[PDB]
């Protein structure tokens, strides 16, 4: 019989709360993370709103790695990892030289740093004016190795998964596979991203940036707000968790990966559907057992239409309740599916479904129950967390209730 893998710790840095208590309160309230952009200059974009983390203090969470060794996304990753290990009640004896996997998903990594380097160049008319401190820290592999440095864990496979807007679920899935292989008993997995000019201009140029709020599955939805933060999950063998008397949030049942091999940017209903089916199969779960779906649900025209179709293709005419956590968080990029996964864990543990906020009228092309505008109490036992990205990358995660 295959190894059981449970979630013993959540580290959360988000636009609607820092730490598990505040995040849970956020989710249950339909708190929005939308606020003015402070991180770069929006003059000329015609709008000024994103879902930033408002009051990050790195020096509070990070004690070993010099702050200048990391850009903002790295600092979010390390802080959330420290918070996750503390939420899991892990000690030095539980970590140290213990063999572990650390996998962090990202879309943009330290793109803000890349933009500040380019500013230095342009301002001087000279590439020689660029700061070495910035240039040394721009490579995405650093987002996972710095966690190992902060927690003082040298026996680590530190992989940064760069599958963009699906990366959090890919990393959690890698953690599951790593522990079910028997090669490690503990994995720190999730995603991290930081608000940057690049993402904002990108979505603007594609006409996928809302002029107001994010309204996933709404008939008149107009796209995303850019977001940021980090979610890190402690994945642990059931045997390890029970041996040290850990509190278990939830259990990781399985996941699925699929590639559309179709279009570079457009989502694909057949590809999404395949990912859902492979996940249900890995998890050992029938369709009827799913309490609700955490949709990738970005609030774009193309995403929500196609994702709804895939869900109906899998589940038929009466699918599970399907909600969009990005209604509250905006699109936190690589962190989105990790924060989603943590929302799903908390939904299971605390017995509620988080709402799709900003909802006015469901699209006729999206015939789901989206749990509009307010959270519902419910007997939540098994939950599906969808993610997908450009390059046709799809990753779906199934969580369940432990004992």
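Positions refer to the first chain, counted from 1.
**Student:** Regarding 362 to 370 and 342 to 350, which shows the higher C-alpha temperature factor on average in the entry?
**Tutor:** Per the PDB record, 362 to 370.
**Student:** Averaging CA B factors per stretch from the PDB record, which one is higher: 333 to 341 or 38 to 46?
**Tutor:** Higher mean C-alpha B-factor in the PDB entry: 38 to 46.
**Student:** Taking the Cα B-factors listed in the entry, which of 231, 74, 173, 125 comes out highest?
**Tutor:** It is 125.
**Student:** Sort 235, 325, 266, 250 by C-alpha B-factor from the entry and give me just the highest.
**Tutor:** The listed residue with the largest C-alpha B-factor is 266.
**Student:** Of the three thirds of its chain by CA temperature factor, lowest, middle or highest, which one includes residue 28?
**Tutor:** For residue 28, whose C-alpha B-factor we compare with every modelled residue in the chain, the answer is the middle third.
**Student:** For residue 158, does the deposited CA B-factor place it in the lowest, middle or highest third of the chain?
**Tutor:** Middle third, going by the recorded CA B-factors of the chain.
**Student:** How does residue 139 rank on Cα B-factor within its chain, lowest, middle or highest third?
**Tutor:** CA B-factor rank for residue 139: middle third.
**Student:** When the deposited Cα B-factors of this chain's modelled residues are ordered and cut into thirds, is residue 182 in the lowest, the middle or the highest one?
**Tutor:** For residue 182, whose C-alpha B-factor we compare with every modelled residue in the chain, the answer is the middle third.
**Student:** Comparing residue 255 with the other modelled residues of its chain, is its CA B-factor in the lowest, middle or highest third?
**Tutor:** Middle third by C-alpha B-factor.
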